[PDB]
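Only the coordinates and a few stated rules stand behind these numbers; no lab work does. Virtual Cβ from ideal backbone geometry, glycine too; neighbours counted across all protein chains shown.
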Amino acid sequence: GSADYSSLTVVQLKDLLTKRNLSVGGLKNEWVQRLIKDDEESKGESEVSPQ
């Protein structure tokens, strides 16, 4: 995996979270999950659109 927020901090996780526009209304574990999903949305190639 490219992301390892699971080790990061709740402050950095939620900070970067809002930075992505996703959110933080969840939790650290859920933050790393949503983040990992956020970065994975590009699969290391290119982002996508909600269509």
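One table, with the values for the structure above:
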quantity: Rounded to 10°, Cα long-axis angle of helix 10-20 versus longest principal axis of the chain; calculated: 30
quantity: Computed helical MRE - 222 nm, the chain, DSSP H runs ≥ 4 contributing -39500 (n - 2.57), nearest 500; calculated: -14500 deg cm²/dmol
quantity: Degrees between helix 28-40 axis and first principal axis of the chain (Cα, 0 to 90, nearest 10); calculated: 20
quantity: Dipole of the chain, positive end: most advanced residue of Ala3, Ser23, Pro50 [Cβ charges, Cα centre]; calculated: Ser23
quantity: The chain, relative contact order [Cα under 8 Å, separation at least 6], %; calculated: 37
quantity: Distance histogram in 5 Å bins (all Cα pairs of the chain, percent per bin); calculated: 5, 22, 32, 22, 13, 5, 0
